[PDB]
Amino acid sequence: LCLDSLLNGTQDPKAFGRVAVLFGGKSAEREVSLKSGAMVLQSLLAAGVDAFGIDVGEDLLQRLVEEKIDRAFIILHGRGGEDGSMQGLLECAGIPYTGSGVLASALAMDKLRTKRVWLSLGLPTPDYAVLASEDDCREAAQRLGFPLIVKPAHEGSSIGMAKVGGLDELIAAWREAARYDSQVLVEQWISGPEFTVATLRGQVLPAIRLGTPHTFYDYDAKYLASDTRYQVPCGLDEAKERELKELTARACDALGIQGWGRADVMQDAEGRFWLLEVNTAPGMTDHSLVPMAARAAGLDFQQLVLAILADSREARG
C-alpha cells in the first residue's frame, strides 16, 4: 500500500510532456552531475518519456526560450543547482520542476544554516566551530578536541573535506576548504557506523550503512574506489532503525524538503545518532545511494525517476 502511493502518477510516461534533464553546471561536482544526468536521461528515455538533456552553462537562458519544456528534472549538484538559484530561475520561467523549493534548497545547501536550524529544534548534530583564522583553528581545537572534520559550508561529494588529528593538519585543511568557500566549518569527529537515509515523496526509505577503508567517506570512496561497502538492511534492530527513520523525517521536515532527498547520519559508541547534512538533489550515478535505497524498497531506477517526476506535479514551497 505504501509502494502503491510511491508509484501514484508513474503509469503514463507520456503524461509528463517534454522533460528537460538539467545537469552539468559549473560547480565542483560537475563531473558527478554529468554522470547523474546521463543516468537519469537514459532512464527516462527507456521509460518512454519525451526527455532531453541540457548541460547547464552560459547557454541556459537561450535554451529555455528556444526549447519547449513541460517539466524540468533538476539533477545538478552543488551551488548553482541545489542552492535555490536554479529553482528560482525555473519559477520565474513558469516551468514546474522536481525536488525542494527555493527556500528549502538554499537552506539545505548551507551546512551551517542547516545545523543551526536543527539545534533550535533540539535535533542532534555534531558540535562545531566556524573557521576564518588560525586563531579560530586554535579555539576550535581547545573547545572541541581531536579528531575533527573540516568541510566547506556549501560543497558536496566530500570536496574540500579532511579529517584532521592535530592542529597542523587542521590549519592546512582550513586553508584548503577556504579555496571552495569563505564559509568553513569544523565538526567534532563522530567515531562509529555511518548511515544514509533516502526519503521519497514523504516516505522514508530503508537505511544504508556505509563502510570504507579510507579515513572517511571521501570523493574517492564515493565514486572511484572498489572496496566501499554498502549494507542494506543495515545492522540496526527494528527499534533502532525506526528511530533513525523518524529522525530523518524530522530533520528533513525541519528544512522543508520536498519530493526527495537524502540524509547522512553518524552513530557514536553509545548508540546516539548525529545528523550531518541533507542533500536536495542527491547523486544518481551507478555508484549513488538513493538508487540503492529505492531498490531495497522495491523500485528500480526507472520507477524512482518517474516517482520523483510524478511528485513535481504538485507545488513546491
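Residues carry their position along the shown sequence, with the first being 1.
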{"property": "239 to 247 versus 148 to 156 - greater average Cα B-factor per the deposited record", "result": "239 to 247"}
{"property": "Comparing 227 to 235 with 179 to 187, the one whose average Cα B-factor in the PDB entry is higher", "result": "227 to 235"}
{"property": "Selection from 276, 44, 28, 56 [criterion: highest C-alpha temperature factor in the record]", "result": "44"}
{"property": "Residue 110 - Cα temperature factor, lowest/middle/highest third of chain", "result": "lowest"}
{"property": "Within-chain third of residue 50 by Cα B-factor, per the entry", "result": "highest"}
{"property": "Residue 141 - Cα temperature factor, lowest/middle/highest third of chain", "result": "highest"}
{"property": "Chain-relative CA temperature factor third for residue 201", "result": "middle"}
{"property": "For residue 290, the third of its chain into which the C-alpha B factor falls", "result": "highest"}
